[PDB]
Each structure stands twice: as structure tokens, then as C-alpha cells.
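**Student:** This is final17.cif (mmCIF, C-alpha atoms and all ligand atoms).
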data_input
#
loop_
_atom_site.group_PDB
_atom_site.id
_atom_site.type_symbol
_atom_site.label_atom_id
_atom_site.label_comp_id
_atom_site.auth_asym_id
_atom_site.auth_seq_id
_atom_site.Cartn_x
_atom_site.Cartn_y
_atom_site.Cartn_z
ATOM 1 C CA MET N 1 134.972 116.924 102.188
ATOM 2 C CA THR N 2 136.917 119.787 103.543
ATOM 3 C CA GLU N 3 138.311 119.971 107.061
ATOM 4 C CA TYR N 4 138.853 123.289 108.814
ATOM 5 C CA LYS N 5 140.653 123.494 112.156
ATOM 6 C CA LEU N 6 139.072 126.318 114.260
ATOM 7 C CA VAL N 7 140.127 127.577 117.774
ATOM 8 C CA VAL N 8 137.578 129.283 120.112
ATOM 9 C CA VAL N 9 139.454 131.928 122.265
ATOM 10 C CA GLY N 10 138.400 134.651 124.703
ATOM 11 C CA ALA N 11 138.301 135.519 128.392
ATOM 12 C CA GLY N 12 136.867 132.736 130.505
ATOM 13 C CA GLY N 13 133.051 133.160 131.162
ATOM 14 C CA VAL N 14 132.190 134.763 127.668
ATOM 15 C CA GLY N 15 130.460 131.882 126.058
ATOM 16 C CA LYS N 16 133.019 129.590 124.413
ATOM 17 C CA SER N 17 131.567 126.342 125.752
ATOM 18 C CA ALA N 18 127.975 127.487 125.214
ATOM 19 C CA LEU N 19 128.606 128.777 121.690
ATOM 20 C CA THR N 20 130.392 125.611 120.822
ATOM 21 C CA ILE N 21 127.786 123.251 122.406
ATOM 22 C CA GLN N 22 125.112 125.053 120.460
ATOM 23 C CA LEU N 23 126.713 124.539 117.061
ATOM 24 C CA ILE N 24 127.646 120.989 117.982
ATOM 25 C CA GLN N 25 124.419 119.881 119.668
ATOM 26 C CA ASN N 26 121.923 122.543 119.429
ATOM 27 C CA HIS N 27 121.377 123.042 123.170
ATOM 28 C CA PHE N 28 122.375 125.931 125.414
ATOM 29 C CA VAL N 29 124.574 124.668 128.141
ATOM 30 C CA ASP N 30 125.169 126.722 131.295
ATOM 31 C CA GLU N 31 126.956 124.703 133.886
ATOM 32 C CA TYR N 32 129.739 123.609 131.450
ATOM 33 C CA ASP N 33 132.929 123.080 133.349
ATOM 34 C CA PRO N 34 134.953 126.193 133.084
ATOM 35 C CA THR N 35 138.138 124.239 132.943
ATOM 36 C CA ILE N 36 137.325 121.679 130.387
ATOM 37 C CA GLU N 37 139.342 122.147 127.240
ATOM 38 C CA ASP N 38 137.993 119.990 124.534
ATOM 39 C CA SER N 39 137.668 119.751 120.838
ATOM 40 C CA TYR N 40 134.474 118.871 118.975
ATOM 41 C CA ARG N 41 133.618 117.801 115.435
ATOM 42 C CA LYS N 42 130.840 118.941 113.277
ATOM 43 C CA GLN N 43 130.013 118.031 109.766
ATOM 44 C CA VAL N 44 128.358 120.865 107.878
ATOM 45 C CA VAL N 45 127.823 122.088 104.359
ATOM 46 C CA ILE N 46 128.662 125.762 103.810
ATOM 47 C CA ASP N 47 128.210 127.356 100.515
ATOM 48 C CA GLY N 48 127.853 123.969 98.823
ATOM 49 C CA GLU N 49 131.008 122.693 100.427
ATOM 50 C CA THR N 50 131.032 119.662 102.808
ATOM 51 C CA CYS N 51 133.057 120.742 105.774
ATOM 52 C CA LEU N 52 134.423 118.961 108.789
ATOM 53 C CA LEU N 53 134.834 121.552 111.521
ATOM 54 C CA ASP N 54 137.324 120.372 114.130
ATOM 55 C CA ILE N 55 136.869 122.912 116.970
ATOM 56 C CA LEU N 56 139.122 123.450 120.003
ATOM 57 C CA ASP N 57 136.997 124.911 122.834
ATOM 58 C CA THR N 58 139.749 126.498 124.905
ATOM 59 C CA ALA N 59 139.949 126.653 128.657
ATOM 60 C CA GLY N 60 142.693 127.295 131.232
ATOM 61 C CA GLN N 61 144.615 130.542 132.067
ATOM 62 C CA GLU N 62 148.414 130.477 132.476
ATOM 63 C CA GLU N 63 148.985 126.703 132.592
ATOM 64 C CA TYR N 64 150.176 125.484 129.056
ATOM 65 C CA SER N 65 148.854 122.559 126.930
ATOM 66 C CA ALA N 66 150.031 120.303 124.100
ATOM 67 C CA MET N 67 146.668 120.354 122.426
ATOM 68 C CA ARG N 68 146.237 124.085 122.769
ATOM 69 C CA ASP N 69 149.672 124.673 121.426
ATOM 70 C CA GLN N 70 149.126 122.421 118.512
ATOM 71 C CA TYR N 71 145.707 123.814 117.637
ATOM 72 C CA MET N 72 147.144 127.220 118.121
ATOM 73 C CA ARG N 73 149.934 126.837 115.660
ATOM 74 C CA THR N 74 147.914 124.545 113.350
ATOM 75 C CA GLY N 75 144.412 126.196 113.665
ATOM 76 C CA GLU N 76 143.054 127.760 110.519
ATOM 77 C CA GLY N 77 141.028 130.394 112.046
ATOM 78 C CA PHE N 78 140.126 131.633 115.425
ATOM 79 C CA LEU N 79 136.787 132.754 116.861
ATOM 80 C CA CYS N 80 137.511 135.611 119.214
ATOM 81 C CA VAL N 81 134.901 135.690 121.895
ATOM 82 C CA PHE N 82 133.880 138.449 124.199
ATOM 83 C CA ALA N 83 130.876 139.044 126.326
ATOM 84 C CA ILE N 84 128.636 142.016 125.428
ATOM 85 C CA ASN N 85 127.970 142.768 129.070
ATOM 86 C CA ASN N 86 131.531 142.350 130.233
ATOM 87 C CA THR N 87 133.983 144.990 129.535
ATOM 88 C CA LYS N 88 137.159 143.444 130.653
ATOM 89 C CA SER N 89 136.323 140.553 128.305
ATOM 90 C CA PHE N 90 136.106 142.996 125.399
ATOM 91 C CA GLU N 91 139.329 144.766 126.357
ATOM 92 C CA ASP N 92 141.020 141.404 126.516
ATOM 93 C CA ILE N 93 140.323 140.832 122.814
ATOM 94 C CA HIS N 94 143.417 142.702 121.829
ATOM 95 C CA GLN N 95 145.677 140.339 123.864
ATOM 96 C CA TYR N 96 144.143 137.172 122.353
ATOM 97 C CA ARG N 97 144.605 138.702 118.967
ATOM 98 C CA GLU N 98 148.184 139.542 119.895
ATOM 99 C CA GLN N 99 148.851 135.982 121.152
ATOM 100 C CA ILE N 100 147.395 134.398 118.011
ATOM 101 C CA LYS N 101 149.659 136.543 115.830
ATOM 102 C CA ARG N 102 152.736 135.751 117.823
ATOM 103 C CA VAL N 103 152.253 132.073 117.460
ATOM 104 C CA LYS N 104 151.201 132.250 113.810
ATOM 105 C CA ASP N 105 153.887 134.828 113.536
ATOM 106 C CA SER N 106 151.555 136.657 111.171
ATOM 107 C CA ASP N 107 149.183 139.546 110.755
ATOM 108 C CA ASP N 108 146.696 137.940 108.454
ATOM 109 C CA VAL N 109 145.330 134.987 110.284
ATOM 110 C CA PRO N 110 141.644 134.459 109.839
ATOM 111 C CA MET N 111 139.369 135.330 112.692
ATOM 112 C CA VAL N 112 136.024 136.644 113.369
ATOM 113 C CA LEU N 113 135.044 138.828 116.320
ATOM 114 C CA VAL N 114 132.142 137.362 118.301
ATOM 115 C CA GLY N 115 130.285 139.638 120.750
ATOM 116 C CA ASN N 116 128.321 137.115 122.724
ATOM 117 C CA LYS N 117 125.351 137.210 124.985
ATOM 118 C CA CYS N 118 123.673 139.697 122.723
ATOM 119 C CA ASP N 119 120.540 138.312 124.473
ATOM 120 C CA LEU N 120 121.131 140.208 127.745
ATOM 121 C CA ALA N 121 120.005 143.740 128.329
ATOM 122 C CA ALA N 122 122.694 144.238 130.969
ATOM 123 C CA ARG N 123 124.737 145.463 128.025
ATOM 124 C CA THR N 124 128.019 147.210 128.689
ATOM 125 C CA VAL N 125 129.758 147.222 125.251
ATOM 126 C CA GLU N 126 128.262 149.005 122.196
ATOM 127 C CA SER N 127 127.833 147.238 118.894
ATOM 128 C CA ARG N 128 129.333 150.323 117.531
ATOM 129 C CA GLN N 129 132.547 149.984 119.610
ATOM 130 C CA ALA N 130 132.865 146.363 118.737
ATOM 131 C CA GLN N 131 132.128 146.892 115.072
ATOM 132 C CA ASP N 132 134.791 149.533 114.896
ATOM 133 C CA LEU N 133 137.352 147.301 116.576
ATOM 134 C CA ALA N 134 136.429 144.570 114.111
ATOM 135 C CA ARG N 135 136.927 147.188 111.449
ATOM 136 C CA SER N 136 140.340 148.152 112.798
ATOM 137 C CA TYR N 137 141.423 144.498 112.652
ATOM 138 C CA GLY N 138 140.012 143.970 109.158
ATOM 139 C CA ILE N 139 137.827 141.231 110.365
ATOM 140 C CA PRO N 140 134.177 140.575 110.664
ATOM 141 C CA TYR N 141 132.081 141.038 113.699
ATOM 142 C CA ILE N 142 129.205 138.784 114.782
ATOM 143 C CA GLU N 143 126.824 139.009 117.613
ATOM 144 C CA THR N 144 125.635 135.814 119.027
ATOM 145 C CA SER N 145 123.625 134.310 121.790
ATOM 146 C CA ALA N 146 124.457 130.825 122.796
ATOM 147 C CA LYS N 147 121.301 131.001 124.722
ATOM 148 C CA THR N 148 118.957 131.990 121.870
ATOM 149 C CA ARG N 149 121.182 130.361 119.313
ATOM 150 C CA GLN N 150 121.084 133.580 117.512
ATOM 151 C CA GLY N 151 124.070 134.241 115.280
ATOM 152 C CA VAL N 152 125.755 130.998 116.213
ATOM 153 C CA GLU N 153 126.031 129.439 112.709
ATOM 154 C CA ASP N 154 126.865 132.819 111.191
ATOM 155 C CA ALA N 155 129.742 133.172 113.446
ATOM 156 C CA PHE N 156 131.286 129.895 112.621
ATOM 157 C CA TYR N 157 130.306 129.882 108.927
ATOM 158 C CA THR N 158 131.749 133.367 108.538
ATOM 159 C CA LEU N 159 134.970 132.048 110.117
ATOM 160 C CA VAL N 160 134.970 129.227 107.656
ATOM 161 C CA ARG N 161 134.405 131.630 104.754
ATOM 162 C CA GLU N 162 137.355 133.749 105.929
ATOM 163 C CA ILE N 163 139.559 130.714 106.025
ATOM 164 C CA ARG N 164 138.334 129.761 102.648
ATOM 165 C CA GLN N 165 139.135 133.220 101.428
ATOM 166 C CA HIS N 166 142.515 133.346 103.100
ATOM 167 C CA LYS N 167 143.299 130.265 101.175
ATOM 168 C CA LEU N 168 142.838 132.084 97.913
HETATM 169 N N1 LIG O 1 122.411 134.956 128.568
HETATM 170 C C1 LIG O 1 123.466 134.254 128.159
HETATM 171 N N2 LIG O 1 124.186 133.521 128.992
HETATM 172 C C2 LIG O 1 125.146 132.847 128.311
HETATM 173 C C3 LIG O 1 125.457 132.958 126.985
HETATM 174 N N3 LIG O 1 126.567 132.202 126.666
HETATM 175 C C4 LIG O 1 127.004 131.778 127.797
HETATM 176 N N4 LIG O 1 126.170 132.042 128.846
HETATM 177 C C5 LIG O 1 126.503 131.834 130.264
HETATM 178 O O1 LIG O 1 127.804 132.342 130.487
HETATM 179 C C6 LIG O 1 128.509 131.498 131.411
HETATM 180 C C7 LIG O 1 129.815 131.065 130.823
HETATM 181 O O2 LIG O 1 129.596 130.240 129.681
HETATM 182 P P1 LIG O 1 130.596 129.311 129.208
HETATM 183 O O3 LIG O 1 130.336 128.978 127.788
HETATM 184 O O4 LIG O 1 130.717 128.178 130.168
HETATM 185 O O5 LIG O 1 131.920 130.243 129.335
HETATM 186 P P2 LIG O 1 133.387 129.958 128.880
HETATM 187 O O6 LIG O 1 133.267 128.470 128.462
HETATM 188 O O7 LIG O 1 134.228 129.991 130.084
HETATM 189 O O8 LIG O 1 133.775 130.755 127.745
HETATM 190 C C8 LIG O 1 127.539 130.386 131.750
HETATM 191 O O9 LIG O 1 126.857 130.628 132.937
HETATM 192 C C9 LIG O 1 126.595 130.354 130.589
HETATM 193 O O10 LIG O 1 125.330 129.939 131.084
HETATM 194 C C10 LIG O 1 124.709 133.609 126.201
HETATM 195 O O11 LIG O 1 124.788 133.642 124.989
HETATM 196 N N5 LIG O 1 123.723 134.324 126.847
HETATM 197 MG MG MG O 2 134.368 126.963 129.044
#
Let me see the structure of the file written as C-alpha cells.
Ligand SMILES: Nc1nc2c(ncn2[C@@H]2O[C@H](COP(=O)(O)OP(=O)(O)O)[C@@H](O)[C@H]2O)c(=O)[nH]1
Ligand SMILES: [Mg+2]
**Tutor:**
Amino acid sequence: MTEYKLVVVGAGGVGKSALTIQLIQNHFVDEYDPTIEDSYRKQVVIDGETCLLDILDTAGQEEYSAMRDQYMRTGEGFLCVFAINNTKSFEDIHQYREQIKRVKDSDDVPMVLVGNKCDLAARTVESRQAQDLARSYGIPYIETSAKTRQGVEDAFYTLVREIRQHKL
């Protein structure tokens, strides 16, 4: 059984808790406490491998945490979340990437770029813009909907695959 330590980062409000609850329990949760930082487990087989996904759902701006720190330096990959209809969120992706690298002290740290809420029409970021950013980073880009559950497993399974690859 393989264990993979993932960290879910991104501006607050983008879909971290929803994305994560969806994978974990298969239900879209709105109303999830914006401040609750918690990690969840999920046993899943990916590509014929039995995996134990230990996910840190991050929360809290400025104020530091033992758990976040640890998961941050010890995490294997990071899901970088932004909201499709929220431009600052998207623009913030570069900072989260920059923080991850500083801690890891490394360029190649696995990540996937998640453009969430692909369910909404109130769209304010183009797939094209996001794809290209993904492409500048050398990392994949997934569009998800924690609401519709669309793309949710892809996102995380892709992240696992990256990790797996980064190991080789
Ligand atoms: N339409 C839509 N709303 C979503 C989606 N994901 C999250 N939400 C809403 O976005 C808000 C923030 O979600 P949440 O996961 O709590 O944000 P974060 O935990 O702070 O990253 C909530 O009101 C959720 O109901 C999504 O995929 N689509
Ligand atoms: Mg949250």
C-alpha cells in the first residue's frame, strides 16, 4: 500500500474544502468552515496501485501552524487551487507556487493546477490562460467542480501520478 502526502493550497474561498470533501465523502459541501484546517485520509487504487492519500486541507492566512509547516515541508505534492470566476485567486497562484518552492527549496516539486468551479458561467479566467500558466510551470492543469464532482478524481489522481513520476 502506498502512502502519498498531499497539500491542498490556494486563496481562501476557491474550493479546497469542497474539493477535498468530495473526494473523501462524495458530497458537495458549501458551508464548510473557512478556518478549519484539517487533514483527511482516503484509500484508493490508482493505476493498479493501492494508495493511502493523506490530505492537508489548508486554511488560515498569516497565522502559522505546526501541521501546515510539517505537511508543507513533508508533503509530496501540492494541489494548487484557484477559482475560475475569481481573478485574484488565479493571480495568487504564483505566490503559492513561490511559497511551496521556498519551503521545499526546490523547483521541481510535484503539483497540479486546479481551476475550480468550472460549473459556474460567471467565468472570469480563460481555460486558455490557465492552461498556459500550467504550461509555463511544467505542470498539469485540471478543471474541477466540487459541486458537480467533475474532474475531482482526475485532479487528485493526476497529482498522485506526478508524485509517482517525480519519484522515478
Ligand atoms: N459552484 C460551485 N461552488 C463551489 C465549488 N467549490 C466550492 N464552492 C463554494 O465556494 C465556497 C468556498 O468553498 P470552500 O471549499 O469552503 O472554500 P475554501 O475551503 O476556503 O477553499 C463555498 O460557498 C462553496 O459552496 C464549486 O466547485 N462550484
Ligand atoms: Mg476551507
**Student:** Which residues, named as in the file, does the PyMOL selection byres (((chain N and resi 90-106) around 9) and not hetatm) pick out? Answer as an MDAnalysis selection string.
**Tutor:** chainID N and resid 9:11 69 72:74 78 80:89 107:109 111 113 115 125 130
**Student:** For the residues in the current selection, export C-alpha atoms as a PDB file, in the coordinates of the input.
**Tutor:**
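So part_7.pdb came out as:
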ATOM      1  CA  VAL N   9     139.454 131.928 122.265  1.00  0.00           C
ATOM      2  CA  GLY N  10     138.400 134.651 124.703  1.00  0.00           C
ATOM      3  CA  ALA N  11     138.301 135.519 128.392  1.00  0.00           C
ATOM      4  CA  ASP N  69     149.672 124.673 121.426  1.00  0.00           C
ATOM      5  CA  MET N  72     147.144 127.220 118.121  1.00  0.00           C
ATOM      6  CA  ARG N  73     149.934 126.837 115.660  1.00  0.00           C
ATOM      7  CA  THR N  74     147.914 124.545 113.350  1.00  0.00           C
ATOM      8  CA  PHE N  78     140.126 131.633 115.425  1.00  0.00           C
ATOM      9  CA  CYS N  80     137.511 135.611 119.214  1.00  0.00           C
ATOM     10  CA  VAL N  81     134.901 135.690 121.895  1.00  0.00           C
ATOM     11  CA  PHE N  82     133.880 138.449 124.199  1.00  0.00           C
ATOM     12  CA  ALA N  83     130.876 139.044 126.326  1.00  0.00           C
ATOM     13  CA  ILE N  84     128.636 142.016 125.428  1.00  0.00           C
ATOM     14  CA  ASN N  85     127.970 142.768 129.070  1.00  0.00           C
ATOM     15  CA  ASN N  86     131.531 142.350 130.233  1.00  0.00           C
ATOM     16  CA  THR N  87     133.983 144.990 129.535  1.00  0.00           C
ATOM     17  CA  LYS N  88     137.159 143.444 130.653  1.00  0.00           C
ATOM     18  CA  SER N  89     136.323 140.553 128.305  1.00  0.00           C
ATOM     19  CA  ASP N 107     149.183 139.546 110.755  1.00  0.00           C
ATOM     20  CA  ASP N 108     146.696 137.940 108.454  1.00  0.00           C
ATOM     21  CA  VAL N 109     145.330 134.987 110.284  1.00  0.00           C
ATOM     22  CA  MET N 111     139.369 135.330 112.692  1.00  0.00           C
ATOM     23  CA  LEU N 113     135.044 138.828 116.320  1.00  0.00           C
ATOM     24  CA  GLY N 115     130.285 139.638 120.750  1.00  0.00           C
ATOM     25  CA  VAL N 125     129.758 147.222 125.251  1.00  0.00           C
ATOM     26  CA  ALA N 130     132.865 146.363 118.737  1.00  0.00           C
TER      27      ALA N 130
END
**Student:** Around ligand MG 2 (chain O), which protein and nucleic acid residues have at least one atom no more than 10 Å from it, if we count all atoms listed in the file? List them as a PyMOL selection string.
**Tutor:** chain N and resi 8-20+30-38+57-60
**Student:** Please save C-alpha atoms of the selected residues as a CSV table (one decimal), in the frame of the given file.
**Tutor:**
chain,number,residue,atom,x,y,z
N,8,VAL,CA,137.6,129.3,120.1
N,9,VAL,CA,139.5,131.9,122.3
N,10,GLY,CA,138.4,134.7,124.7
N,11,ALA,CA,138.3,135.5,128.4
N,12,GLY,CA,136.9,132.7,130.5
N,13,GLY,CA,133.1,133.2,131.2
N,14,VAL,CA,132.2,134.8,127.7
N,15,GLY,CA,130.5,131.9,126.1
N,16,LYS,CA,133.0,129.6,124.4
N,17,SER,CA,131.6,126.3,125.8
N,18,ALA,CA,128.0,127.5,125.2
N,19,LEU,CA,128.6,128.8,121.7
N,20,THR,CA,130.4,125.6,120.8
N,30,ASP,CA,125.2,126.7,131.3
N,31,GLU,CA,127.0,124.7,133.9
N,32,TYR,CA,129.7,123.6,131.4
N,33,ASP,CA,132.9,123.1,133.3
N,34,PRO,CA,135.0,126.2,133.1
N,35,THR,CA,138.1,124.2,132.9
N,36,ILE,CA,137.3,121.7,130.4
N,37,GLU,CA,139.3,122.1,127.2
N,38,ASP,CA,138.0,120.0,124.5
N,57,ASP,CA,137.0,124.9,122.8
N,58,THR,CA,139.7,126.5,124.9
N,59,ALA,CA,139.9,126.7,128.7
N,60,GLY,CA,142.7,127.3,131.2
**Student:** Report, as AutoDock Vina command-line options, the axis-aligned box around all atoms of ligand LIG 1 (chain O) present in the file, extended by 5 Å on each side; give centre and edge lengths in Å to one decimal place.
**Tutor:**
--center_x 128.3 --center_y 131.6 --center_z 129.0 --size_x 21.8 --size_y 16.8 --size_z 17.9
**Student:** One number please: CA of residue 27 (chain N) to CA of residue 128 (chain N), in Å, one decimal.
**Tutor:** 29.0 Å
**Student:** Between N:129, N:43, N:145, N:61, which residue has the minimum interatomic distance to ligand LIG 1 (chain O), considering all atoms listed in the file?
**Tutor:**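 Selected residue with least distance to ligand LIG 1 (chain O): N:145.
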**Student:** Looking at all atoms listed in the file, which of N:21, N:46, N:79, N:133 is the one that sits closest to ligand LIG 1 (chain O)?
**Tutor:**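 Among the listed residues, N:21 lies closest to ligand LIG 1 (chain O).
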**Student:** Give the answer as one residue: which of N:63, N:23, N:28, N:42 has the shortest atom-to-atom distance to residue 154 (chain N), using all atoms listed in the file?
**Tutor:**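 Smallest distance to residue 154 (chain N) is found for N:23.
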**Student:** For residue 140 (chain N), which of N:168, N:160, N:52, N:122 is the closest residue, counting only C-alpha atoms?
**Tutor:**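 Counting only C-alpha atoms, the residue closest to residue 140 (chain N) is N:160.
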**Student:** Distance CA of residue 71 (chain N)-CA of residue 117 (chain N), one decimal place?
**Tutor:**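 Those two atoms sit 25.5 Å apart.
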**Student:** Do you have the CA of residue 2 (chain N)-CA of residue 45 (chain N) distance handy?
**Tutor:**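 The value is 9.4 Å.
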**Student:** What's the 6 Å shell around region 137-139 of chain N, counting all atoms listed in the file, without same-chain residues fewer than 2 positions away, as a PyMOL selection string?
**Tutor:** chain N and resi 112+134-135
**Student:** Would you mind writing region 5-20 of chain N with N, CA, C and O atoms, as an mmCIF file, in the coordinates of the input?
**Tutor:**
data_model
loop_
_atom_site.group_PDB
_atom_site.id
_atom_site.type_symbol
_atom_site.label_atom_id
_atom_site.label_comp_id
_atom_site.auth_asym_id
_atom_site.auth_seq_id
_atom_site.Cartn_x
_atom_site.Cartn_y
_atom_site.Cartn_z
ATOM 1 N N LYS N 5 140.296 123.550 110.738
ATOM 2 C CA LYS N 5 140.653 123.494 112.156
ATOM 3 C C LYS N 5 140.462 124.861 112.777
ATOM 4 O O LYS N 5 141.180 125.778 112.370
ATOM 5 N N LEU N 6 139.399 125.047 113.601
ATOM 6 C CA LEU N 6 139.072 126.318 114.260
ATOM 7 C C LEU N 6 139.503 126.321 115.759
ATOM 8 O O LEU N 6 139.361 125.318 116.461
ATOM 9 N N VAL N 7 139.830 127.483 116.326
ATOM 10 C CA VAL N 7 140.127 127.577 117.774
ATOM 11 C C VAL N 7 139.198 128.633 118.408
ATOM 12 O O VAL N 7 139.019 129.738 117.877
ATOM 13 N N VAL N 8 138.484 128.301 119.481
ATOM 14 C CA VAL N 8 137.578 129.283 120.112
ATOM 15 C C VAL N 8 138.239 129.918 121.307
ATOM 16 O O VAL N 8 138.478 129.175 122.233
ATOM 17 N N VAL N 9 138.726 131.205 121.187
ATOM 18 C CA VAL N 9 139.454 131.928 122.265
ATOM 19 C C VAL N 9 138.654 133.066 122.864
ATOM 20 O O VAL N 9 137.759 133.591 122.235
ATOM 21 N N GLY N 10 139.080 133.539 124.035
ATOM 22 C CA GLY N 10 138.400 134.651 124.703
ATOM 23 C C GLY N 10 138.482 134.516 126.208
ATOM 24 O O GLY N 10 138.750 133.420 126.701
ATOM 25 N N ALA N 11 138.231 135.601 126.946
ATOM 26 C CA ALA N 11 138.301 135.519 128.392
ATOM 27 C C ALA N 11 137.442 134.395 128.885
ATOM 28 O O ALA N 11 136.574 133.994 128.162
ATOM 29 N N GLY N 12 137.703 133.828 130.055
ATOM 30 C CA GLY N 12 136.867 132.736 130.505
ATOM 31 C C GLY N 12 135.490 133.308 130.841
ATOM 32 O O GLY N 12 135.461 134.461 131.146
ATOM 33 N N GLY N 13 134.348 132.561 130.788
ATOM 34 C CA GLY N 13 133.051 133.160 131.162
ATOM 35 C C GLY N 13 132.169 133.812 130.063
ATOM 36 O O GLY N 13 130.949 133.901 130.253
ATOM 37 N N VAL N 14 132.771 134.140 128.884
ATOM 38 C CA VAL N 14 132.190 134.763 127.668
ATOM 39 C C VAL N 14 131.234 133.914 126.872
ATOM 40 O O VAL N 14 130.298 134.426 126.229
ATOM 41 N N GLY N 15 131.454 132.629 126.807
ATOM 42 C CA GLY N 15 130.460 131.882 126.058
ATOM 43 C C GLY N 15 131.028 130.838 125.122
ATOM 44 O O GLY N 15 130.262 130.224 124.401
ATOM 45 N N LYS N 16 132.341 130.580 125.218
ATOM 46 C CA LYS N 16 133.019 129.590 124.413
ATOM 47 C C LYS N 16 132.349 128.207 124.418
ATOM 48 O O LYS N 16 131.999 127.662 123.368
ATOM 49 N N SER N 17 132.183 127.638 125.618
ATOM 50 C CA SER N 17 131.567 126.342 125.752
ATOM 51 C C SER N 17 130.134 126.382 125.269
ATOM 52 O O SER N 17 129.805 125.565 124.420
ATOM 53 N N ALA N 18 129.332 127.413 125.670
ATOM 54 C CA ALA N 18 127.975 127.487 125.214
ATOM 55 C C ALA N 18 127.813 127.619 123.699
ATOM 56 O O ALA N 18 126.991 126.908 123.075
ATOM 57 N N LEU N 19 128.558 128.575 123.122
ATOM 58 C CA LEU N 19 128.606 128.777 121.690
ATOM 59 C C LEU N 19 128.879 127.477 120.992
ATOM 60 O O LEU N 19 128.168 127.047 120.085
ATOM 61 N N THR N 20 129.975 126.863 121.401
ATOM 62 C CA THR N 20 130.392 125.611 120.822
ATOM 63 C C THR N 20 129.398 124.476 120.999
ATOM 64 O O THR N 20 129.236 123.734 120.038
#
